[PDB]
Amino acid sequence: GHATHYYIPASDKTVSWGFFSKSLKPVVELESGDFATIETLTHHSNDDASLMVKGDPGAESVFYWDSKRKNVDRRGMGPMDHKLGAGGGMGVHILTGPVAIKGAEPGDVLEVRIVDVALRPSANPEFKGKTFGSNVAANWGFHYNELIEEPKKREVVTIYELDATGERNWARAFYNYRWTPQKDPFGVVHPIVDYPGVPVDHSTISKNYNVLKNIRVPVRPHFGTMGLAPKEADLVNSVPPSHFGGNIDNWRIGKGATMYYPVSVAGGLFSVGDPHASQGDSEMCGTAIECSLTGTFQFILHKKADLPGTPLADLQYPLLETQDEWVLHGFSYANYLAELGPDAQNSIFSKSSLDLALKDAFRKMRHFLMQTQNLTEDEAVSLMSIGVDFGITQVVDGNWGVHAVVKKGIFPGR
């Protein structure tokens, strides 16, 4: 007959901007086995509204901001009266959701199969068949303290053109510009990119169109931010990833990937956003090609009682599976909210470390190998030195990330 398949469009009614929250009312509640097509929006759409907002009803509904109203006021987990704007930009990602999963209990694991991904086409009739994205070299980027050309303190927006049909499998830089102070419709001036979704006045910037000429950047569409609401606080900054998932910024989290997240609160409360058209391992400059995407997902609940003796045994972190690999996500702190105590959401940005992240990845790969692949500690330690590759996920989200990749094909299986 009929499988259950929800459609969640991106609008001011279906997203939260810059935070996860266990207390948010779900947009929908589905059952294990059900599907959802979920539209997501890049929070960088107002870097060029003509290309990424205007004419797009969903984007317009989220980004609307004039002197007389702002459709989505809170952006981040901070005070409503924050001087930069409600939420303080303490968290910047537009998160479609939450999605509740019937019967999901703390200690369960949720499987999310990413079965398809499509670029959100531009509504601009001049660019039919194209989608645009934005890469911002930002004040929170790992490069920022290292620039050598004057002015050494600068932020730079680079707009990329993508083929929304997927016929062309590479991105083309369209133009770049240095960020100049932008006064928002409520009168707050932003001399750096300190608050998300501010409409840029294109009469106040100077565009350079000849950029990255004839360089063909491979497309790797993925969702930067995807996960389940954590228990430790009612409002959680969307920027740092953790045990619950979130803003992992692993380019591999896209079509054909299956993610597994530990459930920390009843109903699970899944959200997805921060769509990217492509990204490198490190996300050096602070962002990817930030670009709107629609995904189709299947949700499968795994009960705690059924985890032992499977790859999900005692799973406490975000685990990625493809047809041929497992990819494990280490962070500077495995659960930064718990491990850094009450002040975690402030202190994490002062405590970032790749060395800690690799230690964490070591622990997780040891666990995976010991608890799911029948290896002793000594076996796991040897194998991971010779047959696991560890890479840098991102160094720009406060809780930094290292991933560990192992091929399925080497193992005899259970």
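The first residue of the shown sequence is 1; numbering continues from there.
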Could you settle it for me: does 204 to 212 or 326 to 334 have the higher average Cα B factor in the PDB entry? 204 to 212
Is the mean CA B factor in the deposited entry higher across 152 to 160 or across 67 to 75? 67 to 75
Maximum C-alpha temperature factor per the entry, among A123, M259, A137, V272, belongs to which one? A123
Among the choices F244, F297, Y144, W251, identify the one whose CA B-factor in the record is greatest. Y144
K303, C-alpha B-factor rank within chain (lowest, middle or highest third): middle
Ranking every modelled residue in this chain by its Cα temperature factor as given in the entry, which third contains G85? middle
Chain thirds of CA B-factor: placement of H5: lowest
Third of chain Cα B-factors occupied by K359: middle
Entry-reported C-alpha B-factor of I289 relative to its chain, by third, is middle
